[PDB]
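Q: Submitted below is the structure of interest, expressed as structure tokens.
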RNA sequence: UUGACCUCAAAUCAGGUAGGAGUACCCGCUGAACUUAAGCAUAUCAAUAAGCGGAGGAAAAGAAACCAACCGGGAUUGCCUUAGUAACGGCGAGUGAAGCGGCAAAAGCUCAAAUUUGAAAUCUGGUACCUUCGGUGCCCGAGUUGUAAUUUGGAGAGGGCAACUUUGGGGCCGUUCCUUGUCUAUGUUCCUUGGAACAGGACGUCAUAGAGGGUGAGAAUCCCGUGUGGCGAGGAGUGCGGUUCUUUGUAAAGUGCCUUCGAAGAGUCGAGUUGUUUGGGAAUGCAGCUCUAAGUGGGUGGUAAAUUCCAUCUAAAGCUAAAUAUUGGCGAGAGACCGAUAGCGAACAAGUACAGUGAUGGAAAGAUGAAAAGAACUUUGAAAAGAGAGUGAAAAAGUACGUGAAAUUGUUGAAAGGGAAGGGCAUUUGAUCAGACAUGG
RNA sequence: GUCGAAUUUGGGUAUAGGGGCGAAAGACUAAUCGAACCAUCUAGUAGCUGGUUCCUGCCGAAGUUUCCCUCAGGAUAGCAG
RNA sequence: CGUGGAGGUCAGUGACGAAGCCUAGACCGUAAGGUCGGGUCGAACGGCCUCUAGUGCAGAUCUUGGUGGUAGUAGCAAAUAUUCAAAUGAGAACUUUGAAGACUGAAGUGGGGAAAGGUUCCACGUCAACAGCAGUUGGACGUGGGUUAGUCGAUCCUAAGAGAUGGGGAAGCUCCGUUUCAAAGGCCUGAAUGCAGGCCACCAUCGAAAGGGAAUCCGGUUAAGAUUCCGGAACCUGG
RNA sequence: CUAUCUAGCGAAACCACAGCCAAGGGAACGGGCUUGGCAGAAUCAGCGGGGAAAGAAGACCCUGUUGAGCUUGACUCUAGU
RNA sequence: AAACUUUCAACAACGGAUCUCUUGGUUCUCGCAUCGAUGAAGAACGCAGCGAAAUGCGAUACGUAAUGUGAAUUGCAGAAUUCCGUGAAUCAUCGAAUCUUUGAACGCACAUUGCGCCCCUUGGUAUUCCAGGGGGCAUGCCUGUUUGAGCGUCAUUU
Ligand SMILES: NC[C@@H]1O[C@H](O[C@H]2[C@@H](O)[C@H](O[C@@H]3[C@@H](O)[C@H](N)C[C@H](N)[C@H]3O[C@H]3O[C@H](CO)[C@@H](O)[C@H](O)[C@H]3N)O[C@@H]2CO)[C@H](N)[C@@H](O)[C@@H]1O
Ligand SMILES: NC[C@@H]1O[C@H](O[C@H]2[C@@H](O)[C@H](O[C@@H]3[C@@H](O)[C@H](N)C[C@H](N)[C@H]3O[C@H]3O[C@H](CO)[C@@H](O)[C@H](O)[C@H]3N)O[C@@H]2CO)[C@H](N)[C@@H](O)[C@@H]1O
Ligand SMILES: NC[C@@H]1O[C@H](O[C@H]2[C@@H](O)[C@H](O[C@@H]3[C@@H](O)[C@H](N)C[C@H](N)[C@H]3O[C@H]3O[C@H](CO)[C@@H](O)[C@H](O)[C@H]3N)O[C@@H]2CO)[C@H](N)[C@@H](O)[C@@H]1O
Ligand SMILES: NC[C@@H]1O[C@H](O[C@H]2[C@@H](O)[C@H](O[C@@H]3[C@@H](O)[C@H](N)C[C@H](N)[C@H]3O[C@H]3O[C@H](CO)[C@@H](O)[C@H](O)[C@H]3N)O[C@@H]2CO)[C@H](N)[C@@H](O)[C@@H]1O
Ligand SMILES: NC[C@@H]1O[C@H](O[C@H]2[C@@H](O)[C@H](O[C@@H]3[C@@H](O)[C@H](N)C[C@H](N)[C@H]3O[C@H]3O[C@H](CO)[C@@H](O)[C@H](O)[C@H]3N)O[C@@H]2CO)[C@H](N)[C@@H](O)[C@@H]1O
Ligand SMILES: [Mg+2]
Ligand SMILES: [Mg+2]
Ligand SMILES: [Mg+2]
Ligand SMILES: [Mg+2]
Ligand SMILES: [Mg+2]
Ligand SMILES: [Mg+2]
Ligand SMILES: [Mg+2]
Ligand SMILES: [Mg+2]
Ligand SMILES: [Mg+2]
Ligand SMILES: [Mg+2]
Ligand SMILES: [Mg+2]
Ligand SMILES: [Mg+2]
Ligand SMILES: [Mg+2]
Ligand SMILES: [Mg+2]
Ligand SMILES: [Mg+2]
Ligand SMILES: [Mg+2]
Ligand SMILES: [Mg+2]
Ligand SMILES: [Mg+2]
Ligand SMILES: [Mg+2]
Ligand SMILES: [Mg+2]
Ligand SMILES: [Mg+2]
Ligand SMILES: [Mg+2]
Ligand SMILES: [Mg+2]
Ligand SMILES: [Mg+2]
Ligand SMILES: [Mg+2]
Ligand SMILES: [Mg+2]
Ligand SMILES: [Mg+2]
Ligand SMILES: [Mg+2]
Ligand SMILES: [Mg+2]
Ligand SMILES: [Mg+2]
Ligand SMILES: [Mg+2]
Ligand SMILES: [Mg+2]
Ligand SMILES: [Mg+2]
Ligand SMILES: [Mg+2]
Ligand SMILES: [Mg+2]
Ligand SMILES: [Mg+2]
Ligand SMILES: [Mg+2]
Ligand SMILES: [Mg+2]
Ligand SMILES: [Mg+2]
Ligand SMILES: [Mg+2]
Ligand SMILES: [Mg+2]
Ligand SMILES: [Mg+2]
Ligand SMILES: [Mg+2]
Ligand SMILES: [Mg+2]
Ligand SMILES: [Mg+2]
Ligand SMILES: [Mg+2]
Ligand SMILES: [Mg+2]
Ligand SMILES: [Mg+2]
Ligand SMILES: [Mg+2]
Ligand SMILES: [Mg+2]
Ligand SMILES: [Mg+2]
Ligand SMILES: [Mg+2]
Ligand SMILES: [Mg+2]
Ligand SMILES: [Mg+2]
Ligand SMILES: [Mg+2]
Ligand SMILES: [Mg+2]
Ligand SMILES: [Mg+2]
Ligand SMILES: [Mg+2]
Ligand SMILES: [Mg+2]
Ligand SMILES: [Mg+2]
Ligand SMILES: [Mg+2]
Ligand SMILES: [Mg+2]
Ligand SMILES: [Mg+2]
Ligand SMILES: [Mg+2]
Ligand SMILES: [Mg+2]
Ligand SMILES: [Mg+2]
Ligand SMILES: [Mg+2]
Ligand SMILES: [Mg+2]
Ligand SMILES: [Mg+2]
Ligand SMILES: [Mg+2]
Ligand SMILES: [Mg+2]
Ligand SMILES: [Mg+2]
Ligand SMILES: [Mg+2]
Ligand SMILES: [Mg+2]
Ligand SMILES: [Mg+2]
Ligand SMILES: [Mg+2]
Ligand SMILES: [Mg+2]
Ligand SMILES: [Mg+2]
Ligand SMILES: [Mg+2]
Ligand SMILES: [Mg+2]
Ligand SMILES: [Mg+2]
Ligand SMILES: [Mg+2]
Ligand SMILES: [Mg+2]
Ligand SMILES: [Mg+2]
Ligand SMILES: [Mg+2]
Ligand SMILES: [Mg+2]
Ligand SMILES: [Mg+2]
Ligand SMILES: [Mg+2]
Ligand SMILES: [Mg+2]
Ligand SMILES: [Mg+2]
Ligand SMILES: [Mg+2]
Ligand SMILES: [Mg+2]
Ligand SMILES: [Mg+2]
Ligand SMILES: [Mg+2]
Ligand SMILES: [Mg+2]
Ligand SMILES: [Mg+2]
Ligand SMILES: [Mg+2]
Ligand SMILES: [Mg+2]
Ligand SMILES: [Mg+2]
Ligand SMILES: [Mg+2]
Ligand SMILES: [Mg+2]
Ligand SMILES: [Mg+2]
Ligand SMILES: [Mg+2]
Ligand SMILES: [Mg+2]
Ligand SMILES: [Mg+2]
Ligand SMILES: [Mg+2]
Ligand SMILES: [Mg+2]
Ligand SMILES: [Mg+2]
Ligand SMILES: [Mg+2]
Ligand SMILES: [Mg+2]
Ligand SMILES: [Mg+2]
Ligand SMILES: [Mg+2]
Ligand SMILES: [Mg+2]
Ligand SMILES: [Mg+2]
Ligand SMILES: [Mg+2]
Ligand SMILES: [Mg+2]
Ligand SMILES: [Mg+2]
Ligand SMILES: [Mg+2]
Ligand SMILES: [Mg+2]
Ligand SMILES: [Mg+2]
Ligand SMILES: [Mg+2]
Ligand SMILES: [Mg+2]
Ligand SMILES: [Mg+2]
Ligand SMILES: [Mg+2]
Ligand SMILES: [Mg+2]
Ligand SMILES: [Mg+2]
Ligand SMILES: [Mg+2]
Ligand SMILES: [Mg+2]
Ligand SMILES: [Mg+2]
Ligand SMILES: [Mg+2]
Ligand SMILES: [Mg+2]
Ligand SMILES: [Mg+2]
Ligand SMILES: [Mg+2]
Ligand SMILES: [Mg+2]
Ligand SMILES: [Mg+2]
Ligand SMILES: [Mg+2]
Ligand SMILES: [Mg+2]
Ligand SMILES: [Mg+2]
Ligand SMILES: [Mg+2]
Ligand SMILES: [Mg+2]
Ligand SMILES: [Mg+2]
Ligand SMILES: [Mg+2]
Ligand SMILES: [Mg+2]
Ligand SMILES: [Mg+2]
Ligand SMILES: [Mg+2]
Ligand SMILES: [Mg+2]
Ligand SMILES: [Mg+2]
Ligand SMILES: [Mg+2]
Ligand SMILES: [Mg+2]
Ligand SMILES: [Mg+2]
Ligand SMILES: [Mg+2]
Ligand SMILES: [Mg+2]
Ligand SMILES: [Mg+2]
Ligand SMILES: [Mg+2]
Ligand SMILES: [Mg+2]
Ligand SMILES: [Mg+2]
Ligand SMILES: [Mg+2]
Ligand SMILES: [Mg+2]
Ligand SMILES: [Mg+2]
Ligand SMILES: [Mg+2]
Ligand SMILES: [Mg+2]
Ligand SMILES: [Mg+2]
Ligand SMILES: [Mg+2]
Ligand SMILES: [Mg+2]
Ligand SMILES: [Mg+2]
Ligand SMILES: [Mg+2]
Ligand SMILES: [Mg+2]
């Protein structure tokens, strides 16, 4: 269990903390696990998901579907991929919110400090 | 203290064809006219409001305290009690189980686990793994969401890392023979804790 | 009112007593924090033992005069009889009490004895920081019992 | 879009003065087109830029006036410590340090002795 | 005529400071009644509420004009106990502390009265100059109606004498502390149900990590974390150990011995009286007026006075940490608490909407779904809508939205009914339910 | 009823709760007056009304004695568990 | 017997359906109650051993919330009064226009203002609610437009009255006082500004949109403003 | 002009349960109990006999060791003087 | 026999109980010590491409600077999306500023967006008068300074 006088296990503050977490902190809660391939290459299990990451749905009725991250909706605690969309009966298409933890990243969009993060993490 | 008593409400007196309970001043809001103070009226004060100076801790006689912890130990010898207390000691070589003092130095779980399972504690271990369940009441949001059984009591002489090794296992608890808590000895005031002794511990008892 | 056969009690609770009421729920934390407050003193205070040497004193009246008690400080006669000044006797940790004169020899003997015997078991560091590593004894009075 | 904090800090005062004036010219002209069109979100960045320009011009003149007073005993109350009313009237480290000559010798004659007790 | 002095003014003089808020705790002032006494006036409520002045992080109290009466003890505060005791009390109702003893924390101190008198040795400012919580030089001012050193009763000073002992000021790494960032384990395998696997079965894995939360349903191993350690960045600052300087010392302190001397606080203490207060009783404190001390003096010694002693402290001037207080402020961790008529009044655009001229009064009100997929389209309709039809796991979830109770109501079905209805026993009639059926084919 | 004066009246202004103000009715002082309105002391006290939440099993009363500023209340003995 | 919570235990029940709810359906118990089927439901819940209470309702003119009979009932009758036709609209006793009949009868049902309201003004849209019938209309709803001053007010002056200041009370919040037991200044001139002239000096300030008071008129103009705008003609104060 | 009938709109009082009598006894004046008289859906306009009708914890009266306004050589005080 | 009334059931109403939820309350503990004339607390009015609140802010107005962070914000629009970058952001942090009209509240007032005086500067001929800009004038008290008053008073007169 928690050994610290710092962390609390109280269920209330926990749910307050999640829902009142700001956008910076949400970005970390929106982490996604890395695919068996990307796990190998980088030796890293999971990273905060971000936009343009290609991805694979590992759960739900969309499982086994693939696309690129359309937007990370942090306000929503949700994420949008193209190619995964509901077509409402008015003819229009609508983006389906999916969770990062129910996704696996099959390709990383890398820039300098996304690289330097993969390095900053031991592994 | 301030609960239900924050208001100016007076009675209205008799003669308004309305009960004599105190009622709220002013107007312009539904609150006005309503029943005030009192246990019978909504938004009022509770009957005999709870106080902090209620007596919480209870004093026990020391000798009588040790008399309780003593029989609590002796019950851990009785096979039928420990069996009856809901422990899986069905097989196992003998009761008591005393074990190689090398146990006291085991510092890693995967070891300490299979250590117990081989000494014959496996069945009342798996029990506590299968007894975890959602709490019956509203204590669910009071920070007890889960309810499970009691694994075995691993008792030592000196802590060389058995404690950290079993601190993560579901239902096992560890204790020094210098202390020996009755709560752990007779959980629910129920005799027959299944207790795994170290030879160093066991020889210390007298 | 007044009924049956019961001793007469006196319960002084007519006064708004429920206003001034102290539970001690803090008895735990006022100890746990009373310890940590001492623990880090001796840390900050380094080998020194947390308290002054305290004398042996007779204690008063007709009731407690039989026993003997730790007094406030060593008074004046015993400090020079221990071979040192007042102003220094406080620098080596020792209790100096400028009142309480000495009307009794058997105590005055034992007390000066208690001083030199204290001066024995100590080690008093020099001006410099070069000193023999100083394992710290926390108690004093229980190291020099009465 | 608009302006940038570090780029402005290089330009001279008299350029900043003109920087402003044609931002005001623009922002003014914005508010004209603004009411002839289905909104105009663009006007935000220029009125923010004007803040930045004016922040820098302030940074300069304040720092400049900071120089002119350097080392002196009395500086504008604008530029002082702030901190706290109660704080900034607390005794200085110097004033609290002072000790009567009678004591400074007593604080020398018999200052606290580190000791220990073995066995 | 000219130059100071005392006193007293002015300036948009140069530099500052006070106010107000907060008020849980803290120091004082002021000050009730409801109430109890089975009435009521003293008394009680209460040295309380309300009102007023002043603080801090704690305040206050404090190095004894103490407690004791002992073989004595030794600043103060708090706990435990003294003790519901001594005492106070229409001696009624009621009230009610202290000394000792155990424990928590412990810390001690400085002025005034002394001639530097072979030297105002003291200090504020202004000013240039720098190494700027300040340092030097110069200069005006303060001040002899007393600034410095020296001394504080535990003393101590002057002399006389005789030896031994002892030092200062800077910063330069590291530690501790505050801010603060980051690194650091282990399945998303199979089957089955389901809209969703986070479910049950199967096979595993990590554990100094099986706290907690999140994710389409009971998730240690999906994510954040949790546990154990590791690495940065910026801050204080003198405590803790380590650096090398300077030379403070033509200063200061300690200690021995002889003889002499030893200043110690006034319209005060004390007293009378009045009021108030106290357990304090021929008067516990407090204050008004009146009287007004002494220096081998003075205060206290809980029954007033005279007399005789004894004990113990040194007033009428002052500073101080900790233990202690804390329905406030800031930051945290928790509970056998409450679960939307509960719990703060307020789980919500709650001190809000609204009321009052005003002081003030002060609510109601949480829940579609995993996801809006929030019902395209056809059709009747002026339209609101209805009917198709779609979405959905579900519409028996449609923004009047989870479950959807009761009162009460619509329709349908059944039965009864000559100024209520409902109830008990019994039975006809109808409706409705049942328990009992395996032994050779 | 009165209607050219002790007339009617706007606004400004003054007097505040044991207080005001009153050609006097205890009148008026914000629908409030033989003491205003607001908050607090206050959950004021009540020998007096009212109410006082499940089931079964066993036992089972009193309105009398004495004392009481006692007579709608207590103490007390009796009855009862 | 029953309810909220707590330790222990059935490795208890459950998305293959927990809890709740509904059942002129079943069984058990003298009873409190317990158990089961069926329906509706959607994520929790129960048995036994103990612990613990903010633990059981028909009443209290109880509290809050909801609902009835009364009942389509009392009522919707003061202020003389309406009628025909058209237009508009799905819809007209009620809207717009025309016509007829009438009223207030200038101490007005007219034309402006003060206090007070605060956009109610005006225009376009528009009828769910509100206008105790109705609504195509509205002082409603929605969206926009609108109030121009040297001369009209405020501003200035003083009124009853209020109120700082030296001060004097009061523990204090604060009280008294307004020229008082006070060293209470601010003008015009010369020599660009100080000294030399010099008079004069009981006295902050607040207090009137009806008192006092510097000064504007006509004509035209808007959907809605005008002694304010425009055109023309003036005047007053200050340079 | 209402009432009345209609379209539209649409309250309140009150309510143990209710609503035909005579007598009886009964808390000594019953809608209910006992004995008799009797007794036929559903209703409209009226009415003021009853509902010991409604309105408001009787103000009169007594009780309370409950008040308040007021008076006075009550008890006890008090500003001023 | 209907109607009507009553009782029961089913479905539908009415209403929001019950069940389960809980970013809230409540109580205990632990740690810390910082409001204001450097203008606080509190108030008023404002500030967004489209806001009435809440929230945040102050004419630099849901924010400007600094620091971190590494790409969003999201109701629609818009962008420069200025992504190996001095760089997204209703992010975190906060050491630099801005901070309307106020308020102990400071020139005087204040049911008024009322009214004086001083200094500097710009424009209208402009020492004077008008106007724009910038900075100023409360109280008690302390220390100092400069200037004064008094036969309170000592000297010097000459
Ligand atoms: N259960 C109704 C109760 O009504 C109470 O509030 C009601 C009372 O305060 C007051 O009701 C009065 C009543 O006091 C008084 N004793 C009689 C009077 N006829 C009642 O009136 C009320 O009820 C009647 C009867 O239904 C209605 O017809 C009437 O419209 C209504 N105002 O009117 C309120 C509204 O009806 C409380 N809200 C609460 O105790 C509870 O909700
Ligand atoms: N018998 C095989 C072994 O089972 C072990 O563990 C068994 C369980 O303890 C484990 O299931 C999880 C477990 O992961 C987690 N750490 C604790 C959790 N309570 C367990 O849950 C289990 O028990 C609950 C009842 O408590 C049951 O509903 C069900 O069997 C299962 N979900 O998974 C297994 C299923 O019975 C280990 N997984 C491993 O050593 C190995 O697979
Ligand atoms: N009366 C005889 C003795 O005098 C002694 O007198 C003390 C002082 O007077 C004496 O003088 C010390 C001296 O020791 C030390 N080594 C040098 C120091 N400067 C002196 O110090 C003294 O003298 C100076 C003048 O020089 C004075 O200012 C003042 O009295 C004091 N500081 O040192 C003694 C230290 O206690 C003591 N009072 C005591 O031993 C005894 O009474
Ligand atoms: N009528 C055509 C369009 O219908 C639209 O509305 C659609 C829905 O929002 C509307 O739903 C209504 C609902 O509003 C209302 N509260 C009643 C009911 N729950 C629904 O009813 C609808 O669904 C049911 C179920 O299948 C159908 O049987 C029925 O025909 C249909 N009107 O029914 C419409 C579909 O028929 C919009 N009103 C508009 O675009 C337009 O009127
Ligand atoms: N005079 C006292 C001093 O005033 C100083 O402040 C000066 C300015 O900062 C202050 O300016 C205020 C300003 O606070 C405020 N927020 C805006 C206001 N318009 C200004 O006001 C100033 O000018 C106006 C002009 O109409 C005058 O009416 C007002 O009296 C004056 N204070 O006014 C003062 C100059 O008149 C300092 N606060 C301080 O040193 C001290 O209090
Ligand atoms: Mg945390
Ligand atoms: Mg909590
Ligand atoms: Mg389409
Ligand atoms: Mg999601
Ligand atoms: Mg970087
Ligand atoms: Mg690198
Ligand atoms: Mg409450
Ligand atoms: Mg009534
Ligand atoms: Mg392990
Ligand atoms: Mg629970
Ligand atoms: Mg429950
Ligand atoms: Mg909770
Ligand atoms: Mg919990
Ligand atoms: Mg100690
Ligand atoms: Mg000045
Ligand atoms: Mg104050
Ligand atoms: Mg105060
Ligand atoms: Mg009484
Ligand atoms: Mg009484
Ligand atoms: Mg009385
Ligand atoms: Mg008293
Ligand atoms: Mg008080
Ligand atoms: Mg403070
Ligand atoms: Mg402290
Ligand atoms: Mg102090
Ligand atoms: Mg002393
Ligand atoms: Mg003591
Ligand atoms: Mg007395
Ligand atoms: Mg008596
Ligand atoms: Mg008594
Ligand atoms: Mg008392
Ligand atoms: Mg006392
Ligand atoms: Mg100096
Ligand atoms: Mg100087
Ligand atoms: Mg030495
Ligand atoms: Mg699977
Ligand atoms: Mg979950
Ligand atoms: Mg599984
Ligand atoms: Mg968990
Ligand atoms: Mg979990
Ligand atoms: Mg993980
Ligand atoms: Mg992890
Ligand atoms: Mg960690
Ligand atoms: Mg003295
Ligand atoms: Mg007093
Ligand atoms: Mg007295
Ligand atoms: Mg002190
Ligand atoms: Mg102190
Ligand atoms: Mg508290
Ligand atoms: Mg408070
Ligand atoms: Mg804790
Ligand atoms: Mg609810
Ligand atoms: Mg509520
Ligand atoms: Mg509700
Ligand atoms: Mg409830
Ligand atoms: Mg409750
Ligand atoms: Mg409420
Ligand atoms: Mg509202
Ligand atoms: Mg009110
Ligand atoms: Mg709901
Ligand atoms: Mg059509
Ligand atoms: Mg149409
Ligand atoms: Mg359908
Ligand atoms: Mg659809
Ligand atoms: Mg489908
Ligand atoms: Mg299904
Ligand atoms: Mg469903
Ligand atoms: Mg549903
Ligand atoms: Mg919808
Ligand atoms: Mg709706
Ligand atoms: Mg509903
Ligand atoms: Mg629903
Ligand atoms: Mg729900
Ligand atoms: Mg229903
Ligand atoms: Mg009939
Ligand atoms: Mg007459
Ligand atoms: Mg006449
Ligand atoms: Mg009063
Ligand atoms: Mg009176
Ligand atoms: Mg008066
Ligand atoms: Mg009159
Ligand atoms: Mg009369
Ligand atoms: Mg009224
Ligand atoms: Mg009145
Ligand atoms: Mg009266
Ligand atoms: Mg009033
Ligand atoms: Mg009122
Ligand atoms: Mg009560
Ligand atoms: Mg009381
Ligand atoms: Mg009583
Ligand atoms: Mg009585
Ligand atoms: Mg008598
Ligand atoms: Mg009675
Ligand atoms: Mg229970
Ligand atoms: Mg409970
Ligand atoms: Mg349990
Ligand atoms: Mg259980
Ligand atoms: Mg199961
Ligand atoms: Mg249940
Ligand atoms: Mg049934
Ligand atoms: Mg079923
Ligand atoms: Mg249903
Ligand atoms: Mg069910
Ligand atoms: Mg659900
Ligand atoms: Mg669920
Ligand atoms: Mg209760
Ligand atoms: Mg109930
Ligand atoms: Mg009920
Ligand atoms: Mg009832
Ligand atoms: Mg009704
Ligand atoms: Mg009826
Ligand atoms: Mg109708
Ligand atoms: Mg009618
Ligand atoms: Mg009528
Ligand atoms: Mg008419
Ligand atoms: Mg017509
Ligand atoms: Mg008409
Ligand atoms: Mg006419
Ligand atoms: Mg006329
Ligand atoms: Mg008009
Ligand atoms: Mg109009
Ligand atoms: Mg209307
Ligand atoms: Mg209408
Ligand atoms: Mg209508
Ligand atoms: Mg005029
Ligand atoms: Mg005026
Ligand atoms: Mg006047
Ligand atoms: Mg005045
Ligand atoms: Mg005077
Ligand atoms: Mg001049
Ligand atoms: Mg006028
Ligand atoms: Mg007009
Ligand atoms: Mg013109
Ligand atoms: Mg009628
Ligand atoms: Mg009708
Ligand atoms: Mg009506
Ligand atoms: Mg009514
Ligand atoms: Mg009535
Ligand atoms: Mg007869
Ligand atoms: Mg009869
Ligand atoms: Mg009769
Ligand atoms: Mg009859
Ligand atoms: Mg009757
Ligand atoms: Mg009957
Ligand atoms: Mg009968
Ligand atoms: Mg008969
Ligand atoms: Mg009648
Ligand atoms: Mg009636
Ligand atoms: Mg009446
Ligand atoms: Mg009445
Ligand atoms: Mg009565
Ligand atoms: Mg009455
Ligand atoms: Mg009357
Ligand atoms: Mg009477
Ligand atoms: Mg009596
Ligand atoms: Mg009376
Ligand atoms: Mg739910
Ligand atoms: Mg716009
Ligand atoms: Mg916002
Ligand atoms: Mg966008
Ligand atoms: Mg978009
Ligand atoms: Mg931010
Ligand atoms: Mg900021
Ligand atoms: Mg400001
Ligand atoms: Mg201001
Ligand atoms: Mg002002
Ligand atoms: Mg200006």
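Don't worry about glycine lacking a Cβ; one is built from the backbone with ideal geometry, like all the others, and counts go over all protein chains shown. Bear in mind these aren't lab numbers, they're just calculated from the coordinates by the rules spelled out.
Q: If you wrap the stretch B:155-206's Cα atoms in a convex hull and average its projection over all directions, what's the area in nm²? Write out the running numbers ahead of the final one.
A: Details: hull surface 15.4 nm².
With the hull built on Cα positions only, its mean projection is 3.9 nm².
Q: Once you've got the GNM for chain C with C-alpha springs shorter than 10 Å, pick whichever of C:93, C:83, C:71 has the biggest mean-square fluctuation.
A: Answer for the Gaussian network model of chain C: C:83.
Q: So what's the stretch B:1-85 giving for Rg/Rh, alpha carbon basis, Kirkwood Rh from the mean inverse pair distance?
A: Working: Rg = 27.2 Å, Rh = 18.0 Å.
Reported Rg/Rh, Kirkwood definition of Rh: 1.51.
Q: When a footprinting reagent is the concern and you count Cβ atoms within 10 Å, what order do C:98, B:87 take, fewest first? Could you put the intermediate results ahead of the total?
A: Values: C:98 11, B:87 25.
So the residues, fewest neighbours to most, are C:98, B:87.
Q: Rounded, prolate or oblate: pick one for chain B, where a ≥ b ≥ c are the square roots of the eigenvalues of its C-alpha gyration tensor, a/c under 1.5 means rounded, and failing that, prolate if a/b is larger than b/c, else oblate. Mind dumping the intermediate values first?
A: Details: a/c = 3.71, a/b = 2.93, b/c = 1.27.
Cα axes put chain B in the prolate bin.
Q: Still on this structure: Mean-square fluctuation check for chain C, GNM, Cα pairs under 10 Å: which of C:110, C:131, C:59 is largest?
A: C:131
Q: When ranked by the protection proxy of mean other Cβ atoms within 10 Å per residue, highest first, what sequence do the peptides B:145-153, D:82-90, A:13-21, B:125-133 form? Mind dumping the intermediate values first?
A: Values: B:145-153: 18.2, D:82-90: 8.8, A:13-21: 11.3, B:125-133: 14.7.
Per-residue mean Cβ counts within 10 Å order the peptides as B:145-153, B:125-133, A:13-21, D:82-90.
Q: Under a crude label model (7 Å from the Cα following the beta-carbon direction), how far is residue C:141 from residue D:68 in nanometres?
A: Label at residue C:141, label at residue D:68, 6.8 nm between them.
Q: Shape of the stretch C:1-139 from its Cα gyration tensor (a ≥ b ≥ c, root eigenvalues): rounded if a/c is under 1.5, otherwise prolate when a/b > b/c, or oblate?
A: Verdict is oblate for the stretch C:1-139.
Q: Evaluate E = 1/(1 + (r/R0)^6) for residue B:168 and residue A:76, where r is the Cβ-Cβ distance and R0 equals 30 Å; express this FRET efficiency to the nearest 0.05. Don't jump to the answer; show the numbers that get you there.
A: Details: r = 36 Å, r/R0 = 1.19.
After rounding to 0.05, the efficiency reads 0.25.
Q: If you count, for every residue in C:133-139, the Cβ atoms of partner chains within 10 Å of its Cβ, what is the mean?
A: Numbers: counts 1, 5, 3, 2, 4, 0, 1.
Per-residue shielding by partner chains comes out at 2.
Q: In addition: Choose one answer from C:22, C:31, C:116: the residue with the largest mean-square fluctuation in a GNM of chain C with alpha-carbon springs under 10 Å.
A: For chain C, modelled as a Gaussian network with Cα springs under 10 Å, the answer is C:22.
Q: Continuing with this model, one more query. Could you work out the mean count of beta carbons from other protein chains within 10 Å of each residue's beta carbon in C:119-128? Present the calculation step by step, with values, prior to reporting the outcome.
A: On the way: counts 0, 2, 4, 5, 4, 4, 4, 2, 2, 0.
Counting other chains' Cβ atoms within 10 Å and averaging over C:119-128 gives 3.
Q: Where the centre of each part is set by its Cα atoms, how far does the stretch B:139-206 sit from the stretch D:38-88, in angstrom?
A: Between the Cα centres of the stretch B:139-206 and the stretch D:38-88 lies a distance of 65 Å.
Q: Taking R0 as 51 Å, what's the FRET efficiency between residue C:33 and residue C:101 from their Cβ-Cβ distance, rounded to 0.05?
A: Numbers: r = 41 Å, r/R0 = 0.80.
In this case the efficiency is close to 0.80.
Q: Per the Cauchy relation, a quarter of the hull surface: what is the mean projected area of the convex hull of the alpha carbons in the protein assembly as shown, in nm²? Mind showing how you got there, number by number?
A: Values: hull surface 240.1 nm².
So the Cα hull casts an average projection of 60.0 nm².
Q: A follow-up question, please. Using the number of other C-beta atoms within 10 angstrom as an exposure proxy, rank D:21, A:57, B:82 with the fewest first.
A: Working: D:21 10, A:57 20, B:82 23.
Taking fewest neighbouring Cβ atoms as first place, the list is D:21, A:57, B:82.
Q: OK, next. Any idea what Rg and Dmax come out to for the stretch C:6-60 if you just take the C-alpha atoms, in Å?
A: Calculated on Cα positions, Rg and Dmax stand at 21.3, 61 Å.
Q: Set the Förster distance to 41 Å, then compute FRET efficiency between residue B:20 and residue C:1 from the Cβ-Cβ distance, nearest 0.05.
A: On the way: r = 28 Å, r/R0 = 0.68.
Given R0 = 41 Å and the Cβ-Cβ separation, E is 0.90.
Q: Now a separate question. For peptide D:103-116, compute the average count of partner chain beta-carbon atoms within 10 Å of each residue's beta-carbon.
A: Neighbouring Cβ atoms belonging to other protein chains average 5 per residue here.
Q: Within the protein assembly as shown, what percent of beta bridges assigned by DSSP are antiparallel, to the nearest 5?
A: Values: 26 of 38 bridges.
Close to 70 percent.
Q: For the stretch D:50-119, with equal point scatterers placed on the C-alpha atoms only and solvent neglected, what are the log10 I(q)/I(0) values from the Debye formula at q = 0.12, 0.24 1/Å, to two decimals?
A: -0.65, -1.10
Q: Another one. Per residue and in cubic angstrom, what volume does the convex hull of the Cα atoms of the stretch B:104-202 have?
A: 114 Å³
Q: Report, in cubic angstrom per residue, the convex hull volume of the C-alpha atoms of chain A.
A: Working: hull volume 19.1 nm³, N = 123.
Residue-normalised Cα hull volume stands at 155 Å³.
Q: Next question, about the same structure. Between residue A:9 and residue B:67, what is the label-to-label distance in nm when each label sits 7 Å out along the Cα-to-Cβ direction?
A: According to this spin-label approximation, the distance is 3.6 nm.
Q: Classify chain D from the C-alpha gyration tensor, please: rounded if a/c falls under 1.5, else prolate or oblate depending on whether a/b exceeds b/c. Don't skip to the answer; put the middle values down first.
A: Details: a/c = 4.38, a/b = 3.06, b/c = 1.43.
Prolate, because a/c is 1.5 or more and a/b exceeds b/c.
Q: How big is the gap, in Å, between the Cα center of the stretch C:1-66 and the Cα center of the stretch A:14-31?
A: Result: 48 Å between the Cα centres.
Q: Against the 2.2 N^0.38 Å scaling, with N counting residues, where does the stretch B:42-140 land? I'd like the Cα-based Rg ratio to two decimal places.
A: Details: Rg = 21.5 Å, N = 99, 2.2 N^0.38 = 12.6 Å.
Computed over Cα atoms of the stretch B:42-140, the ratio equals 1.71.
Q: Using the alpha carbons of the stretch A:68-123, what is the convex hull volume per residue in cubic angstrom, as a whole number? If you can, show how the numbers build up before the last one.
A: Details: hull volume 6.4 nm³, N = 56.
Measuring per residue, one finds 114 Å³ for the Cα hull of the stretch A:68-123.
Q: I want to check the label-to-label distance for residue C:84 and residue A:46. Put each point 7 Å from Cα in the C-beta direction and report it in nm to one decimal.
A: Output for this residue pair reads 6.5 nm.
Q: For chain C, take the longest principal axis of its alpha carbons; what is the angle in degrees between that and the long axis of helix C:29-45, to the nearest 10 within 0 to 90?
A: 10 degrees
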